[PDB]
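A.B. asks: Dropping the structure in here first, questions after.
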Amino acid sequence: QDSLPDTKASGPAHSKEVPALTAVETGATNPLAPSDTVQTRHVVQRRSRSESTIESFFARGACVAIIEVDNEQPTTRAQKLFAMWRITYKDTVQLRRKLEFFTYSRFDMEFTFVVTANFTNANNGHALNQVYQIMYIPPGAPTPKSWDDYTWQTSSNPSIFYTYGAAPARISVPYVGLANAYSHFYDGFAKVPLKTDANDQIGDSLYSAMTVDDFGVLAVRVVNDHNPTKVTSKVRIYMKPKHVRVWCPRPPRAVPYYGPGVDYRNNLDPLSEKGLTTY
Amino acid sequence: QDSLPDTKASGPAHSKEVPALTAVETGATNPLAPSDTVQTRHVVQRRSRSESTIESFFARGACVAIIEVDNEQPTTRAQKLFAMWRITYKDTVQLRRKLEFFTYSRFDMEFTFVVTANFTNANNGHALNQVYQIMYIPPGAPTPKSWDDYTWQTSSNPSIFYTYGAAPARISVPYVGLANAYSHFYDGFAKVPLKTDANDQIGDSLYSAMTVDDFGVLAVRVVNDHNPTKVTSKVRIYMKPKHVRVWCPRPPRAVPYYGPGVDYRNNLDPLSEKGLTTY
Amino acid sequence: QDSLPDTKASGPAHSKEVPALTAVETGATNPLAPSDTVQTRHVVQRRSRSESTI
Amino acid sequence: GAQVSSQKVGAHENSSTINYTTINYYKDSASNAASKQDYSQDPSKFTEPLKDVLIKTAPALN
Amino acid sequence: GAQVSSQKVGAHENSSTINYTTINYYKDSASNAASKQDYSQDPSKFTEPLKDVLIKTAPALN
Amino acid sequence: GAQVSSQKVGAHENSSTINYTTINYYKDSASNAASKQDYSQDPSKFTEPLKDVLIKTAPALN
Amino acid sequence: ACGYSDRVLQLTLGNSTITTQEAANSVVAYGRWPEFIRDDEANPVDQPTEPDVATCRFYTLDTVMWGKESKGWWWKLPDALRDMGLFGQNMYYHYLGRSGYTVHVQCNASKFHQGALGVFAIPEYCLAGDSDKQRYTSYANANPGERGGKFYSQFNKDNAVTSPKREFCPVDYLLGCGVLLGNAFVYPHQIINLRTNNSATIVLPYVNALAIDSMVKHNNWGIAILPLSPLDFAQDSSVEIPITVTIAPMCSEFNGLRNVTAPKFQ
Amino acid sequence: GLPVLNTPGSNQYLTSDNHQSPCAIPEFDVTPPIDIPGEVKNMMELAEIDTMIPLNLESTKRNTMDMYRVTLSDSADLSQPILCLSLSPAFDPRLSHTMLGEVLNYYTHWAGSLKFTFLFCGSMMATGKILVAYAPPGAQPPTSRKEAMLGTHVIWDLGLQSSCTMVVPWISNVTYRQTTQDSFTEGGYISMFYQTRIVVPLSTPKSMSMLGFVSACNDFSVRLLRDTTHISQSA
Amino acid sequence: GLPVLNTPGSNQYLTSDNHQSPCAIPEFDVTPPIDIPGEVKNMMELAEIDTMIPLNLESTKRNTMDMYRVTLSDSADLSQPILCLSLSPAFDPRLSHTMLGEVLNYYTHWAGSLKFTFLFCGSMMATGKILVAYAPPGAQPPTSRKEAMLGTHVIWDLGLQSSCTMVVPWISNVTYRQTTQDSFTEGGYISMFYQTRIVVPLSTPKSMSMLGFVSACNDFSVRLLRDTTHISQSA
Amino acid sequence: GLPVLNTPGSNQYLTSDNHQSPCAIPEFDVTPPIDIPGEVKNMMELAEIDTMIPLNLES
Amino acid sequence: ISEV
Amino acid sequence: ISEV
Amino acid sequence: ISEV
Ligand SMILES: CCOC(=O)c1ccc(OCCCCC2CCN(c3ccc(C)nn3)CC2)cc1
Ligand SMILES: CCOC(=O)c1ccc(OCCCCC2CCN(c3ccc(C)nn3)CC2)cc1
Ligand SMILES: *C(=O)CCCCCCCCCCCCC
Ligand SMILES: *C(=O)CCCCCCCCCCCCC
Ligand SMILES: *C(=O)CCCCCCCCCCCCC
């Protein structure tokens, strides 16, 4: 059982006990039930809060990134033969808002990858099935300059080899934070300006930002040598927090996000017009 | 439990015991802890060395080879209708450097094969799905001269038949060394020049090299008869050492590799410029 | 266990027993071991014929 | 290593307690599914952080 | 032939010891996965190869 | 019907007897895999087919 | 008790005894003393030869001089001992030979001299070569015998393609092998720092991927001596002091006897 | 090879599923938890915390600090309502952005009792009696105190205890109402009237603010998780 | 045919996985192990071995034997630092290529105490007192002995025991620092000063080398395996 | 439907493998063995039989 | 088994 | 089972 | 089983 408390039968009152009166100045919410202010019957309650538990609230795979990668003739100008994405829940808004009801969190993370592709041009022959390499590059590790250079050797970095058309790829990541919990909010700086500094840029930092690389990047490429005809592909990344714990509740975001911090820019008017005495 | 030792609470000292002084000439590293030189508090330690165990350090599939094989009309000039690769961890640098922290090793080996293909030319019709044959030819066994000659009959040699588009192929190999451990380094020769030899080539040998064929070759071919249009394929081989044991630690490679031995050629300048009294 | 027989330690000999001499005419292969003709040490043998079974 | 638990049965077929079985296949707990058997708690640390917590029928301020 | 071991649980779900199950499918041990249950050892053969190993509070050379 | 046997462990992981499990899925034994647990025998029927088998230290012909 | 010390040692093997009044304790490589091949690790089946006192005694090699420009010296084992008395004869008369070693490096000076020798015992000390040609150092060049070889401050590539020298070019800060010298301390070692000690004493076990091997084809241990800190004295800009290496085989055993191996060192 | 047969659903991906998958960083040494203050086990805990209602969403007052302030006055027209509001916790503009309204907007269905608490922010010399009420759905939404009296109500007397709480009891036909607007699952009407009037002495402000708060009772629950309309994102 | 349903992740290949697979050489007679000296069970063992620091990376000294030699002198300017260094074990050029720096460069995160050991390679007639120090991050990096004295430090007296060990205690805000450079996870500053000065007699060299060594204490650990930047490969 | 996940190696064919497969001729009445003389259990038995060496391979 |  |  |  996990059902909510039953309603007690409550009758008329004429007393010095006054549950209906209080003083919110104290910081407290008045703990009242229907039977404190109206006559109630006995109700055997069967409803439960099973679906609003922290795990149940976040137990859903959310889209956090759309990485685009091309497979085509390596010409000689800025191309997309490989791509890189900094791992984050902040390029999207929906999961970001959910996680931000709380100041701190701690959880394991499940990543699922949906890969779609298509022919870019009207026609030059076709393409044999593609295998994709999704490589995780943790901070410090050599990042690729070329779609087939030595870093893709991946001897120590974890890589996924996904075959197009196969069931979407899936892996799990442990809790990997440098702290005891993930900070969804950090009121501070990574550096402090000191009176003895040479230029006053030595100590300059972004407000709220912590480490420069956060958690590293996912480097994505098509392992296939190019067909004559170009194939364009998109890798959609779905993120789900599992085995979740959260601390210190916060008011939800009420105005549109403006970048990785708490900054607002416009549409600062969230509430509609409604007359004071209008239902 | 596998956590590291706790920090002991340590207070002030005025004694004839001097942990801070030593003599490195002995060959020994001074076994000191923070509490031997500064006042410490009690810390219940929960950190562990789980991820830096020998198995965990090598527990990753590393790219050791890219074998290219063509499927096309058998014309009459040097082609790629089949290919051969000498099994080694030395055509690549990343895993080679990791294995070489140690002089000797002993392990089982897991091989995973990623196969990708593409159309070589603008267009002549298309190609039905290809099956690949990866055959192991141990030293002594007949090597193929032709993509479909009798050796591919593979009656005793182990072969893998891989279907394009299927999950990447995977097999395991036992510890197969002629010795009790694999030698990552061999300071010797396979032959000795004797005073009574006819030419002084009879006894000539490569320094550090042991057997001529080491562990044999992987012969790769497309089993399919050629389509009208050419299909080019690449087989990427990922190697993982499992059930690992290692002996006698070594300094890591500091300058670029120059072939299968310890020879260096250039970029012999690994270290940056930094001033003596600069942080 | 399926390992092959150990090598026995065998020392010098001056005897009327002659394992080294035989007569193949009989149809038989001479059942000799290294210790029948040379001095041998004790070897604990771990090798096996697992891969050459039918 | 099989783990067996009772399902909270919503719509009951016309056919009592029903169970489901779970087995972990991986050494790393991060790989595990979510148990979804989550215990709850009192809201008081949020709804009533008062040093002297008072009873609702008494005057809040005295 | 099932083998059952405890997981070292890192991030704990809001729901104690959790287990995982292993079964070997093949006769050749080379085919087996890695147990990753690895015991450690003292560094002394490297950090202290001295014939007379001395105690850190005493003079290294005497 | 599960059948459990010890593996002859070659390269030992840094982590004793390890086992593997077998189950036959088919009624016809021809469908079964190979046990590869094969007993050996004496070569004598080939190396020594003699009616009077003699001992190696004695004269072969007497 | 009585008056004993970390600095004063007597080593006795066979008819030879070494004394030292200024040692810095002594090292047993990897915590393992030399030992004979056990029956359950045995591979050649023939009864071994164990020459004992006739081979397991101290052989002193030719002295080298340490001066302000000395970049370093190296030796290989068993090679440095190939011509040493009955040890050498046993090595060349048998296909197989295993042996451990006690290495005693000697270098005294005065309380007013200065400098520090890094003494390193390296398992499988493969050295780098001369050329564009890889793994091309000749056997005769790879094996200097008692003489040993030297280190260089830099890589001079043997250019003469047409009639190649086929020699090693061991660069000092790269430990002659493509790695950084400062990490050579993960190998069994001692330092002869002249204000502290006259000598170094390292006990080496047989180390190999096999219980026994060919001593003529393969060296087991390399001895590298590099000046970590340069020799200096008073103000005399051209100081020179001797370094003497004395080595003893230990628990030596040989298998596979036949006619003598005569290698060609020309 | 165990004989298997692939059932429908095979190789699909459901956002709502619950399965195991390979760990990309094996044997990783995880940082242990510490006892951080303020842990939450259920979203419903947040909805039980009183948060202040934007009761005044008139043209110049909305999206301003004054949206939270209802003016009470000693010269107010006593016949008129002080405020009128629909019981639509996730949809009504005054309720939808409260912490309650926000949690409910991530769900499709709500059930349970609610409680409204009002705070008198006038001077201590100010006195008054106010009637606050709740009419279950089905009839004419109250325009007079006379009609409002007839439903669930509390007569609040202003005094040392500064605040009053009216509980809106769960009175519904369906077992769960919808979080969106819908006449089939409508919750009724909340209204406020002066029972007597605000009376002040001289040298005292004749006008003042009333602040209002909403929170869920312990019988309240929600179900069918969904995306909120309260956040979105441009191309 | 057992009814099965293919979950997401099916048919993928993860480099980090741990599974069984068919043996390509069945019933192979494996060579048994022998007891080889020098076995390693954990990479952290190698990081606990003292290795010599390239402390001197000046223009003509780097990539030379002299990069390991710091000159101490009886006529040195006593006000100046002998050496200054950042506590960045895997990133700082003097530390990154030591055996410690090398093992840490295959990992993303490090934690634990470190110990620095210095060797006096002067003549026996040479004497001196040296102050070696460690300043945890957050303030001005020390330029004077006066400032350095205030943090963690050891006053080393030269004498028969030739070497001195300063332990850098684990003093961090985060539970694990990064192996790359980052102000958020910075470790602080190591500096050295003369406490008195090197004093020699006549006929004695007035100048000499100091060698330095680094190793990890038994509380040190690393995590999140990664590829090193210390090796690479051309097309 | 038991939730399953296809690992690498799936659908490959290894010449060296050891697996079960359907019997194409079910319930077939197999001829019993008889005790034939000369049975071999290991190839090494054949290598232990003396065979004559072609010692003279001159032109 | 571990039936809860 | 039939564990041999 | 062999539960460790
Ligand atoms: C920047 C703000 O957001 C955060 O604070 C925040 C906090 C925690 C988050 O969790 C992600 C941390 C893990 C980072 C990566 C670790 C490994 N990953 C892998 C690894 C290998 C593969 C093949 N595929 N994915 C993918 C995720 C993500 C973001
Ligand atoms: C040359 C330097 O490197 C080594 O010393 C060294 C040491 C050990 C190594 O392990 C490989 C030894 C096994 C060789 C092969 C044995 C069988 N292999 C097979 C066999 C069959 C199939 C179908 N696919 N692969 C692939 C590997 C590889 C290299
Ligand atoms: C506890 O699990 C003992 C009972 C095991 C029953 C059979 C399990 C079959 C599935 C094996 C899982 C292997 C995962 C690597
Ligand atoms: C020990 O394993 C006895 C319990 C077996 C439980 C059922 C196992 C089902 C998987 C069979 C594996 C067959 C591998 C060839
Ligand atoms: C003996 O086998 C009893 C134990 C059975 C354990 C579960 C087996 C699951 C596999 C069923 C095989 C069905 C083959 C037609």
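As shown in the structure tokens, the chain order sets the letters A, B, ...; within each chain, residues go from 1, and ligands are also counted from 1 in the order they appear.
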Write out as a ChimeraX atom specification every residue belonging to chain J that has an atom at most 12 Å from any atom of chain A, counting only C-alpha atoms.

C.D. replies: /J:4-8

A.B. asks: Using only C-alpha atoms and all ligand atoms, which residues have at least one atom no more than 6 Å from ligand 3? Output them as a list in words.

C.D. replies: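 With only C-alpha atoms and all ligand atoms and a cut-off of 6 Å, ligand 3 is contacted by residues 1, 2 and 25 of chain D; 2, 21, 22 and 23 of chain E; 1 of chain K.
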
A.B. asks: Just want the 10 Å neighbourhood of residue 225 of chain A, counted on only C-alpha atoms, with same-chain residues fewer than 4 positions away dropped. Output as a ChimeraX atom specification.

C.D. replies: /A:71-74,130,148 /B:116-120,232-234

A.B. asks: Those residues you just picked out, can you put them in a file as an mmCIF file, in the first residue's frame with N, CA and C atoms?

C.D. replies:
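again-v5.cif, freshly written:
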```cif
data_model
loop_
_atom_site.group_PDB
_atom_site.id
_atom_site.type_symbol
_atom_site.label_atom_id
_atom_site.label_comp_id
_atom_site.auth_asym_id
_atom_site.auth_seq_id
_atom_site.Cartn_x
_atom_site.Cartn_y
_atom_site.Cartn_z
ATOM 1 N N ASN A 71 28.358 12.291 -45.210
ATOM 2 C CA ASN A 71 29.280 11.344 -45.813
ATOM 3 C C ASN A 71 29.348 11.651 -47.306
ATOM 4 N N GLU A 72 30.477 12.241 -47.657
ATOM 5 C CA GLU A 72 30.714 12.645 -49.033
ATOM 6 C C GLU A 72 32.186 12.773 -49.398
ATOM 7 N N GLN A 73 32.448 12.960 -50.679
ATOM 8 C CA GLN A 73 33.806 13.120 -51.210
ATOM 9 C C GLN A 73 34.627 14.157 -50.436
ATOM 10 N N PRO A 74 35.671 13.838 -49.663
ATOM 11 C CA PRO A 74 36.455 14.806 -48.879
ATOM 12 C C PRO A 74 37.028 15.793 -49.866
ATOM 13 N N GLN A 130 25.374 2.386 -44.100
ATOM 14 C CA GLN A 130 26.414 3.005 -43.303
ATOM 15 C C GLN A 130 26.532 2.619 -41.841
ATOM 16 N N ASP A 148 39.146 10.737 -40.510
ATOM 17 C CA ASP A 148 39.791 9.457 -40.284
ATOM 18 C C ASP A 148 41.221 9.554 -39.724
ATOM 19 N N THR B 116 32.679 -1.958 -43.469
ATOM 20 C CA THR B 116 31.963 -0.903 -44.192
ATOM 21 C C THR B 116 32.228 -1.014 -45.671
ATOM 22 N N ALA B 117 31.304 -0.619 -46.510
ATOM 23 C CA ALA B 117 31.499 -0.634 -47.950
ATOM 24 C C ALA B 117 30.882 0.538 -48.685
ATOM 25 N N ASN B 118 31.315 0.749 -49.920
ATOM 26 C CA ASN B 118 30.729 1.776 -50.772
ATOM 27 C C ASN B 118 30.933 1.581 -52.259
ATOM 28 N N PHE B 119 30.126 2.302 -53.032
ATOM 29 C CA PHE B 119 30.247 2.236 -54.481
ATOM 30 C C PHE B 119 31.401 3.099 -54.934
ATOM 31 N N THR B 120 32.316 2.478 -55.672
ATOM 32 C CA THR B 120 33.494 3.200 -56.147
ATOM 33 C C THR B 120 33.256 4.196 -57.274
ATOM 34 N N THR B 232 33.888 -1.246 -53.161
ATOM 35 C CA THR B 232 35.092 -1.262 -52.325
ATOM 36 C C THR B 232 34.725 -1.397 -50.856
ATOM 37 N N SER B 233 35.408 -2.281 -50.137
ATOM 38 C CA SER B 233 35.135 -2.495 -48.718
ATOM 39 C C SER B 233 36.323 -2.352 -47.785
ATOM 40 N N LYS B 234 36.080 -1.874 -46.571
ATOM 41 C CA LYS B 234 37.095 -1.858 -45.527
ATOM 42 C C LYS B 234 36.681 -2.615 -44.276
#
```

A.B. asks: Could the residues of chain F within 12 Å of chain B, counting only C-alpha atoms, be given as a PyMOL selection string, please?

C.D. replies: chain F and resi 8-15

A.B. asks: Take the residues from that selection and put them in a file with N, CA, C and O atoms, as an mmCIF file, in the first residue's frame.

C.D. replies:
```cif
data_model
loop_
_atom_site.group_PDB
_atom_site.id
_atom_site.type_symbol
_atom_site.label_atom_id
_atom_site.label_comp_id
_atom_site.auth_asym_id
_atom_site.auth_seq_id
_atom_site.Cartn_x
_atom_site.Cartn_y
_atom_site.Cartn_z
ATOM 1 N N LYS F 8 38.770 -25.938 -18.500
ATOM 2 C CA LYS F 8 40.214 -26.022 -18.244
ATOM 3 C C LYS F 8 40.790 -24.620 -18.475
ATOM 4 O O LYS F 8 41.114 -24.208 -19.591
ATOM 5 N N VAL F 9 40.857 -23.803 -17.448
ATOM 6 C CA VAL F 9 41.322 -22.443 -17.614
ATOM 7 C C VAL F 9 42.792 -22.197 -17.993
ATOM 8 O O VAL F 9 43.704 -22.378 -17.180
ATOM 9 N N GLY F 10 43.001 -21.733 -19.230
ATOM 10 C CA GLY F 10 44.324 -21.315 -19.688
ATOM 11 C C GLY F 10 44.819 -19.981 -19.090
ATOM 12 O O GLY F 10 45.349 -19.945 -17.978
ATOM 13 N N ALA F 11 44.682 -18.830 -19.768
ATOM 14 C CA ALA F 11 45.077 -17.548 -19.173
ATOM 15 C C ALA F 11 44.126 -17.070 -18.058
ATOM 16 O O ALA F 11 42.952 -16.785 -18.268
ATOM 17 N N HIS F 12 44.595 -17.043 -16.820
ATOM 18 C CA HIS F 12 43.775 -16.644 -15.683
ATOM 19 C C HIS F 12 43.743 -15.136 -15.448
ATOM 20 O O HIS F 12 44.763 -14.487 -15.213
ATOM 21 N N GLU F 13 42.550 -14.562 -15.507
ATOM 22 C CA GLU F 13 42.385 -13.165 -15.120
ATOM 23 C C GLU F 13 42.922 -12.876 -13.726
ATOM 24 O O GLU F 13 42.782 -13.715 -12.834
ATOM 25 N N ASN F 14 43.501 -11.706 -13.488
ATOM 26 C CA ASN F 14 43.827 -11.295 -12.122
ATOM 27 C C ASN F 14 42.712 -11.222 -11.057
ATOM 28 O O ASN F 14 42.874 -10.486 -10.056
ATOM 29 N N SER F 15 41.571 -11.924 -11.126
ATOM 30 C CA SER F 15 40.525 -11.754 -10.097
ATOM 31 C C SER F 15 40.717 -12.338 -8.702
ATOM 32 O O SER F 15 41.072 -13.515 -8.525
#
```

A.B. asks: Need the shell around segment 42-49 of chain D: protein/DNA/RNA residues with any atom at most 9 Å away, counting only C-alpha atoms. Skip same-chain ones fewer than 2 positions apart. Format as a ChimeraX atom specification?

C.D. replies: /A:26-31,249 /D:40,51-53 /H:38-41,44-46,48-50

A.B. asks: Hey, can you spit out that residue selection with N, CA, C and O atoms as a short mmCIF file (atom, residue, chain, number, x, y, z; two decimals), in the first residue's frame?

C.D. replies:
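Done, and the output landed in out.cif:
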```cif
data_model
loop_
_atom_site.label_atom_id
_atom_site.label_comp_id
_atom_site.auth_asym_id
_atom_site.auth_seq_id
_atom_site.Cartn_x
_atom_site.Cartn_y
_atom_site.Cartn_z
N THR A 26 5.27 33.34 9.89
CA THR A 26 6.16 32.34 10.47
C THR A 26 6.98 31.55 9.47
O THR A 26 7.98 30.93 9.80
N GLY A 27 6.58 31.54 8.22
CA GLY A 27 7.22 30.73 7.22
C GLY A 27 6.50 29.40 6.98
O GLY A 27 6.83 28.65 6.07
N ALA A 28 5.47 29.11 7.76
CA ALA A 28 4.76 27.85 7.64
C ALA A 28 3.47 27.79 6.84
O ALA A 28 2.68 28.74 6.77
N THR A 29 3.22 26.65 6.21
CA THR A 29 1.97 26.40 5.49
C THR A 29 1.01 25.75 6.48
O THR A 29 1.36 24.77 7.14
N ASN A 30 -0.21 26.25 6.62
CA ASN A 30 -1.21 25.71 7.53
C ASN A 30 -1.63 24.27 7.21
O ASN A 30 -2.18 24.04 6.15
N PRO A 31 -1.41 23.27 8.07
CA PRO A 31 -1.54 21.84 7.75
C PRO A 31 -3.01 21.39 7.66
O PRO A 31 -3.37 20.31 8.15
N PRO A 249 14.38 22.38 -3.66
CA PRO A 249 13.43 22.85 -4.67
C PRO A 249 13.53 24.33 -5.06
O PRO A 249 13.84 25.20 -4.26
N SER D 40 8.12 7.31 0.07
CA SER D 40 7.92 8.75 0.14
C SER D 40 8.43 9.39 1.42
O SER D 40 9.22 8.77 2.16
N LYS D 51 11.40 26.30 14.20
CA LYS D 51 12.10 25.82 15.39
C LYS D 51 11.13 25.31 16.46
O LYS D 51 11.33 24.25 17.06
N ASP D 52 10.07 26.04 16.75
CA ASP D 52 9.02 25.49 17.61
C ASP D 52 7.81 25.07 16.76
O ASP D 52 6.94 25.91 16.47
N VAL D 53 7.73 23.83 16.26
CA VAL D 53 6.56 23.47 15.47
C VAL D 53 5.27 23.37 16.28
O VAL D 53 5.15 22.60 17.23
N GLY H 38 17.51 19.53 2.42
CA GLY H 38 16.49 19.83 1.42
C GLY H 38 16.13 18.77 0.39
O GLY H 38 15.69 19.11 -0.71
N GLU H 39 16.26 17.48 0.66
CA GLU H 39 15.91 16.45 -0.32
C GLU H 39 14.43 16.27 -0.62
O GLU H 39 13.58 16.34 0.28
N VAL H 40 14.08 16.06 -1.88
CA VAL H 40 12.69 15.85 -2.29
C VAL H 40 12.43 14.43 -2.79
O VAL H 40 13.14 13.93 -3.66
N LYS H 41 11.43 13.73 -2.26
CA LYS H 41 11.06 12.41 -2.76
C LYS H 41 9.88 12.36 -3.73
O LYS H 41 9.71 11.44 -4.52
N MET H 44 4.67 16.14 -5.49
CA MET H 44 3.53 16.53 -4.69
C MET H 44 3.90 17.28 -3.40
O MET H 44 3.17 18.14 -2.92
N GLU H 45 5.09 17.03 -2.87
CA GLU H 45 5.64 17.78 -1.75
C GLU H 45 5.75 19.28 -2.07
O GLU H 45 5.43 20.13 -1.25
N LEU H 46 6.15 19.61 -3.30
CA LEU H 46 6.30 20.99 -3.72
C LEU H 46 4.95 21.69 -3.85
O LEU H 46 4.77 22.86 -3.50
N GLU H 48 2.41 21.11 -1.99
CA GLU H 48 1.89 21.31 -0.65
C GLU H 48 2.47 22.53 0.06
O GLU H 48 2.09 22.90 1.17
N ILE H 49 3.44 23.18 -0.55
CA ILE H 49 4.02 24.40 -0.02
C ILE H 49 3.18 25.60 -0.46
O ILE H 49 2.90 25.76 -1.66
N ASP H 50 2.68 26.41 0.44
CA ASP H 50 2.01 27.65 0.05
C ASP H 50 2.81 28.58 -0.88
O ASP H 50 3.92 29.00 -0.56
#
```

A.B. asks: Return as a list in words the full set of residues in segment 25-61 of chain B whose backbone-based DSSP assignment is strand (DSSP E or B).

C.D. replies: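 Matching residues for strand (DSSP E or B) in segment 25-61 of chain B are residues 40, 43, 48 and 53 of chain B.
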
A.B. asks: Write down as a VMD selection string the residues of segment 111-240 of chain B whose backbone DSSP state falls under helix (DSSP H, G or I).

C.D. replies: chain B and resid 150 to 153

A.B. asks: Selection from above, N, CA and C atoms, as a PDB file, in the first residue's frame, can you write it?

C.D. replies:
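Contents of selection_8.pdb, as written:
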```pdb
ATOM      1  N   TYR B 150      41.964 -23.101 -53.914  1.00  0.00           N
ATOM      2  CA  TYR B 150      41.641 -24.113 -52.896  1.00  0.00           C
ATOM      3  C   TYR B 150      41.889 -23.743 -51.443  1.00  0.00           C
ATOM      4  N   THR B 151      42.814 -22.849 -51.088  1.00  0.00           N
ATOM      5  CA  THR B 151      43.067 -22.548 -49.672  1.00  0.00           C
ATOM      6  C   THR B 151      41.844 -22.031 -48.929  1.00  0.00           C
ATOM      7  N   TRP B 152      40.975 -21.305 -49.628  1.00  0.00           N
ATOM      8  CA  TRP B 152      39.747 -20.773 -49.040  1.00  0.00           C
ATOM      9  C   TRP B 152      38.774 -21.859 -48.608  1.00  0.00           C
ATOM     10  N   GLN B 153      39.020 -23.117 -49.013  1.00  0.00           N
ATOM     11  CA  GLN B 153      38.257 -24.289 -48.567  1.00  0.00           C
ATOM     12  C   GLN B 153      38.232 -24.437 -47.060  1.00  0.00           C
TER      13      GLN B 153
END
```

A.B. asks: Counting only C-alpha atoms, what is within 9 Å of segment 28-44 of chain C, bar same-chain residues fewer than 6 positions away, as a ChimeraX atom specification?

C.D. replies: /C:5-13,18-22 /F:46-50,55-57 /G:38-48 /J:48-50

A.B. asks: Produce a table with one row for each residue of chain D that has an atom at most 12 Å from any atom of chain I, each row naming the nearest atom pair and its distance in Å at one decimal; use only C-alpha atoms; arrange rows by chain and rising residue number; format as CSV.

C.D. replies:
```
residue,atom,partner,partner_atom,distance
D:25,CA,I:19,CA,10.5
D:26,CA,I:18,CA,8.7
D:27,CA,I:18,CA,9.3
D:28,CA,I:18,CA,10.6
D:31,CA,I:17,CA,11.2
```

A.B. asks: Report, in Å with one decimal, the straight-line distance from atom CA of residue 122 of chain I to atom CA of residue 68 of chain I.

C.D. replies: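 Computed distance, atom CA of residue 122 of chain I to atom CA of residue 68 of chain I, equals 14.6 Å.
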
A.B. asks: Got a sec to check which residues lie within 8 Å of ligand 2, using only C-alpha atoms and all ligand atoms, and send them as JSON, numbers by chain?

C.D. replies: {"B": [87, 88, 89, 90, 108, 109, 111, 134, 135, 136, 137, 138, 157, 158, 159, 160, 171, 172, 173, 174, 175, 176, 177, 182, 183, 184, 214, 215, 216, 217, 218, 260], "I": [24, 25], "J": [14, 15]}

A.B. asks: Near residue 3 of chain L, counting only C-alpha atoms, which residues have an atom at most 8 Å away, once you skip same-chain residues fewer than 3 positions from it, shown as a list in words?

C.D. replies: residues 2, 3, 4 and 5 of chain F

A.B. asks: Could the residues in this selection be written to a file with C-alpha atoms, as a PDB file, in the first residue's frame?

C.D. replies:
```pdb
ATOM      1  CA  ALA F   2      21.164 -28.224 -17.462  1.00  0.00           C
ATOM      2  CA  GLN F   3      24.556 -29.831 -17.505  1.00  0.00           C
ATOM      3  CA  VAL F   4      27.453 -28.093 -15.623  1.00  0.00           C
ATOM      4  CA  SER F   5      31.193 -28.706 -16.165  1.00  0.00           C
TER       5      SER F   5
END
```

A.B. asks: At a cut-off of 7 Å, which residues of chain I touch chain A? Count only C-alpha atoms and give the answer as JSON, numbers by chain.

C.D. replies: {"I": [8, 9, 10, 11, 12, 13, 14, 15, 16, 108, 174, 175, 176, 177, 179, 180, 182, 183, 184, 225, 226, 227, 228, 229, 232, 233, 235]}
